[PDB]
Each structure stands twice: as C-alpha cells, then as structure tokens.
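Q: Below is the sequence, then the experimental coordinates.
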Amino acid sequence: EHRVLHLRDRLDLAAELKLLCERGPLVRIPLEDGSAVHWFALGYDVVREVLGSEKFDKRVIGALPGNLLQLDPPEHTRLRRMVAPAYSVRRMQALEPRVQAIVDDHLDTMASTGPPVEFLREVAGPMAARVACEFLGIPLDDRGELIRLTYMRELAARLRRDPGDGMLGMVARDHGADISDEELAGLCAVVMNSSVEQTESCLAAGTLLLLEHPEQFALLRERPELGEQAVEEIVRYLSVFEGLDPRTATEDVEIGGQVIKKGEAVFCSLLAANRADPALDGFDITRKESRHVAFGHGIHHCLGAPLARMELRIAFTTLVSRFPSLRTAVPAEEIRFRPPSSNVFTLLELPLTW
Ligand code: HEM
C-alpha cells in the first residue's frame, strides 16, 4: 500500500512522486473505503517533527524479540539502553582497523579474480556480512554458516554461555540475566539481515553513483578526507531505506500546521524528504553538511549509523584508491533496479570491469 512513495526514475524520483510532493510536506490521505485516515510526511522538517514527537507509537494497523523497531517506550528504552554502548565512539575506533582489513580482504579477492565481477553478490554482500560478524563478535567457525543462512536461538544461547568479543559478548556480559536467548538472537538477526541488506545496497548503488559522477570518483581519490562528507551525500541520494513503518498518533497532535487526530497513521518518506527539494539535490560530495534523514530521527534513530558510516567511509575511500580505472561493464542505463516496494531499495546486479 502507498506504492506511490517508492516510485523512482533509476536513482531519482519518478514524476508521479514529484507531483505528489508538490501537494505540500504533509498530505492527508483518507482511504477510499473510509476505514481510516492516513498521512504522508514528505518534507525534511515534517518528517523530523513526526519522528521526534512522543505522541506517536508503532502499533500494527489494518513480531520478534529483540526487534527494537517493534517496541515503544518504556520497553524500547530498556532494550536500547543495554545495546547502545556497543556503538560508542570508542567501540568504533577500536574496530576501524579490523574493518579496514576486512574491506581490504574483499578488494584483494576482487583484484585477483580479475575483471569482470558482479559487485553486489561477489564483493558488497560478503563485505557487509563479514563486517557484521566482526562487529557482533561471531566466532570464526560460525561465520561461514551464519552468513550462508542469511539456528539463531541455538547460536545465541551458546554465545551467551561463553561470552566473547563484539556486541553480543558485551551485552551478554553486562546484561546476562536481563536478556533472553530469543532476544539476543533477535538482536543478531536484525544486524545480519536488514542491516546487511541496507549496507550492501549502499555499497553497490553508492559505487554506481560514484561511477556516474567520475569527477567525484576521482575527487574522493585525490582527497580521501572527503570520505565522511561523501557518505552523508551518498546515503541521502540513495535513500535505500525509502519509507518508514507508520507512526500512529496516540492523541490529537499538531504537525506542520495540521491536526493529526488520535488513531491516524503517518507514513514518513525518507526518499521524498531527502530528494524532493530540487535546490541542492545534485550529488556533490564537497557539501560539508547534508540535510537528510536517511538514518531516521528520534528514539528509533538508526542504532547502527556509527558502524554504517564508518564501514561505508572505509569501503568507498579504499575502492576509488585501489581501482582508479573502475567502470561499469555495461551502460549504466541498463542496470536493473528493484521495482517499487517497501523492501530496501537496491539494484539487482552490478557488473563492473577495470
Ligand atoms: C551497520 C549497519 C546497520 C545496523 C547495525 C543497523 C541497526 C538498526 C537498528 C538496531 C535499528 C532499530 C532502531 C530503533 O528502533 O531503535 C535500525 C532501524 C533503521 N536503520 Fe538500520 N542499521 C544498519 C544499516 C542502516 C543503514 C546503512 C541505514 C541508512 C539508510 C539504516 C537506516 C535505518 C533507519 C532509518 C532506521 C529506523 C527505521 C524507523 O524509524 O522506522 N540502517 N537499524
């Protein structure tokens, strides 16, 4: 439902979706059957206003333990507080060199296998999955099978008995009794499944985006210090996480000048908020600060953004440096993108040569 919020022209918005955004940053959508009233939050400020408000929950409208996205306060707060330290700046700094080496491992395989390569399946996917295992602290003997399968309750209970390194070891060590096997397995699942999906798509589609702007491909090679800026601009432009689960108002609340009634559901379009403003939409990695909501906002703000930002920075900076002659093996116009859907936005394959 609301398929219009996912209509794209390759990487850009479809004219049908652009026309919808012209109806204002907040659009009232009464269902034809009269069963409910829905809202589209299409603007940067409105999306942030909706997602920051405490007067919305994430009820199901007309469930896995450890899935933070399906919890509201106070239970959401309880679980997020236990896992949040795994993403501290000190955690990411200690992890960076090991992530760099994993990225280098996969670009080593790439340069040795020789061209061409299907970048999505053969590089981006394995890279994101391997970085995920390292962050989680998966034992090396389990990573091969854990990746192929994406068992979990079995893996979670065992690691919980003998806590090791990574996020799962930290949680089990500091909150052993407060988190169950199923909840710990759920934390690991979200990281290995949706998180990898979104990260691998940024790696692949982001590479294509850089290739379609060769002046910036080289610029990031000349000036690797733009990496952090480039990541923000890439996730903004891609918007692989296009739309969010509905937020239902728990009471009458005024948003963007209009009154959202209790019980009405609001659908935030990160795609539209990140891309609808033609002024300053061009892809430009020299932008020192991007206006985007690709990682969400509020209490549900992407808990893995620190890892995602670091992994993508390392991946893109090392890629342009080790493969300055990189190019699509087919005309970029022939790349296939997944048809509109609530699923993560991604291309179907990315054949590359160099
Ligand atoms: C390092 C890889 C990633 C990890 C570990 C990760 C972990 C999560 C977690 C734990 C949540 C739940 C937050 C909560 O409800 O409290 C989440 C939701 C989200 N993630 Fe991912 N994520 C990852 C890659 C991404 C990337 C690359 C993006 C950017 C497109 C992303 C955009 C989101 C957004 C926007 C939400 C919030 C959805 C909503 O508000 O309904 N994530 N992620």
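A: Received it, and whenever you're ready, just let me know what you need. Numbers count the residues shown, from 1 in each chain.

Q: Close to the ligand: what parts of this protein are there?
A: Contacts of the chain with the ligand, taken as CB under 6 Å from any ligand atom, map to 68-69, 80, 190-191, 195, 198-199, 202, 235, 240-241, 244-245, 294-296, 300, 302-304, 307-308. C-beta here means a position set from N, CA and C on the backbone, and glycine is covered the same way.

Q: For the buried ones among the residues you listed, write the corresponding PyMOL selection.
A: Buried subset of the residues of the chain next to the ligand, written as a PyMOL selection, criterion 16 or more other CB atoms under 10 Å:
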select buried, resi 68+80+190+191+195+198+199+202+235+240+241+244+245+294+295+296+300+302+303+304+307+308
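
Q: Could you pull out the strands in this structure for me?
A: 8-9, 12-13, 26-30, 37-41, 56-57, 117-118, 247-249, 253-255, 258-260, 265-268, 327-328, 351-353 (DSSP state E).

Q: Any chance of TSV for those, columns distance to residue 175 and mean neighbour count?
A: Shown next, in TSV, are the strands of the chain (distance: least, CB to CB, whole Å; neighbours: other CB atoms under 10 Å):
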stretch	distance to residue 175	mean neighbour count
strand 8-9	41	15
strand 12-13	43	17
strand 26-30	40	16
strand 37-41	35	22
strand 56-57	25	18
strand 117-118	41	18
strand 247-249	28	21
strand 253-255	34	17
strand 258-260	36	17
strand 265-268	31	23
strand 327-328	47	16
strand 351-353	43	17
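
Q: closest to residue 317 out of the ones you listed?
A: Nearest to residue 317, of all the strands of the chain, is strand 351-353, at 17.2 Å by CB to CB.

Q: Identify the residues contacting the closest residue to residue 159 other than its chain neighbours.
A: Of all residues beyond its chain neighbours, the one nearest residue 159 is residue 168 (5.5 Å), with distances taken as CB to CB, 6 or more residues apart in numbering. Residues in contact with residue 168 (CB atoms under 8 Å, 6 or more residues apart in numbering) are 136-138, 156, 159-160, 184, 187-188.

Q: Same check on residue 260?
A: When contacts are counted by CB under 8 Å, 6+ apart, residue 260 touches 39, 249, 252-254, 266.

Q: Residue 299 too?
A: 73, 76-77, 80.

Q: same question, residue 336
A: Contact analysis of residue 336 by CB under 8 Å, 6+ apart lists 347-349.

Q: Would you mind listing the residues in contact with the closest residue to the ligand within the stretch 101-250 of the chain?
A: Nearest residue of the stretch 101-250 of the chain to the ligand: residue 195, at 3.5 Å (CB to the nearest ligand atom). Neighbouring residues of residue 195 by CB under 8 Å, 6+ apart: 132, 304, 308.

Q: what about the closest residue to residue 197 other than its chain neighbours, distance to residue 271?
A: Nearest non-adjacent residue to residue 197, counting by CB to CB, 6+ apart: residue 344, 4.8 Å away. Going from residue 344 to residue 271 by CB to CB, to the nearest Å gives 12 Å.

Q: circling back: which of the contacts of residue 336 has the most neighbours?
A: Counting neighbours by other CB atoms under 10 Å, residue 347 leads the contacts of residue 336 with 18 neighbours.

Q: my guess is that one contacts residue 338, does it?
A: Yes. Between residue 347 and residue 338 there is a contact under CB atoms under 8 Å: 7.3 Å.

Q: now, which of the contacts of residue 168 lie within helices?
A: Among these, the members found in helices (DSSP state H) are 136, 156, 159-160, 184, 187-188.

Q: Chain neighbours aside, what residue packs nearest to residue 48?
A: Using CB to CB, 6+ apart, the closest residue to residue 48 is residue 297 (4.9 Å).

Q: Count the residues that sit near the one you found.
A: Count around residue 297 with other CB under 10 Å applied: 19.

Q: Ramachandran angles for residue 163?
A: Torsion angles at residue 163 (phi, psi; degrees, to the nearest 10) stand at phi -60, psi 140.

Q: Tell me which residues touch it, please.
A: Applying CB under 8 Å, 6+ apart to residue 163 gives the contacts 169-170, 172-173, 176.

Q: Repeat that for residue 241.
A: By CB under 8 Å, 6+ apart, the contact list for residue 241 reads 198, 270, 294, 296, 344-345.

Q: and if we set it to 6 Å?
A: Going by CB atoms under 6 Å, 6 or more residues apart in numbering, residue 241 touches 198, 270.

Q: quick one on the thing from earlier: got the contacts of residue 336 as a markdown table, with distance to residue 55 columns?
A: Below are the contacts of residue 336 laid out as a markdown table (distance: CB to CB, whole Å):
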| residue | distance to residue 55 |
| --- | --- |
| 347 | 38 |
| 348 | 40 |
| 349 | 43 |
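
Q: Can you name the residue of this protein nearest the ligand?
A: Nearest residue of the chain to the ligand: residue 304, at 2.2 Å (CB to the nearest ligand atom).
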